[PDB]
Amino acid sequence: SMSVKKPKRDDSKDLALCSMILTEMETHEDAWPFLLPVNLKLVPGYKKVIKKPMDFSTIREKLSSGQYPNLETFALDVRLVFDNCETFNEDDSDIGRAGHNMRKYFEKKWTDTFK
């Protein structure tokens, strides 16, 4: 509350560390469905159904331009990529499997880097 603060967690490396995680997601072999924004002209249903499209390239641009106020808003966008994927893709599809794999991969890196 006012004039009553928990001890200050060192957040000075978060930016660099989120960039590293994101590089690791970018270079994973199952990243291909997620690297670029879904083409809303060419994929029927996507525009209407997915209210907040997100992709790795869009996260990278936001990250690089100081549009994440903190590491939680970064994790929310990453998770959004996978939540969108689950919304639109059957579990038993290449893309559906890709999303589950990437989510797992991300969640481990996140925990190992920050928790």
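Residues numbered from 1 in each chain as written, not as in the entry; some residues may be left out. Heavy atoms only, no water. Residues with missing side-chain atoms left out of burial classes, pairs and counts.

X-ray crystallography is the method the PDB entry lists for this structure, together with a resolution of 1.8100 Å.

It is worth spelling out helix 3 (residues 56-64) at this point. Every α-helical turn comprises 3.6 residues, leaving residues that sit three or four positions apart pointing alike. If you check which residues of helix 3 are buried, you get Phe56, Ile59, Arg60 and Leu63. Looking straight down helix 3, one finds its buried side chains confined to an arc of 100°; they lie on one side. Packing partners of the buried residues in helix 3 comprise helix 1 (14-26), helix 4 (71-88) and helix 5 (94-114). A positive phi of about 60° marks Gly66, the residue just after helix 3. (Buried < 20%, exposed > 50% of the residue type's maximum accessible area, 1.4 Å probe, protein only. Helix = DSSP H or I, 4+ residues; strand = E, 2+ residues; numbered from the N terminus. Arc of directions from axis to C-beta. Contact = heavy atoms within 4.5 Å.)

The end-to-end C-alpha distance of helix 4 is 26 Å, a good match for the 26 Å that 18 residues give at a rise of 1.5 Å each. Those residues of helix 4 not exposed but buried are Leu71, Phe74, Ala75, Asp77, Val78, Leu80, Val81, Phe82, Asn84 and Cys85. Tucked inside the fold, the buried residues of helix 4 contact helix 1, helix 2 (46-49), helix 3 and helix 5. The opening residue of helix 4, the one whose side-chain oxygen lies 3.0 Å from the backbone nitrogen of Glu72, is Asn70. (Expected span 1.5 Å × (residues − 1). Polar contact = N/O pair within 3.5 Å; in protein donor to acceptor, adjacent residues only side chain to side chain.)

Applying the stated criterion to the full structure yields eight aromatic pairs. Between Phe56 and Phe82, the ring centres sit 6.2 Å apart and the planes meet at 80°, which makes this aromatic pair edge-to-face. Remark: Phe82 occurs in helix 4 and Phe56 occurs in helix 3; sequence separation between them is 26 residues. Seen in terms of ring centroids, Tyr68 and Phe74 are 5.7 Å apart; in terms of plane orientation they differ by 85°. Their pairing is edge-to-face. (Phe/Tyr/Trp six-rings, centres within 6.5 Å; stacked < 30°, edge-to-face > 60°.)

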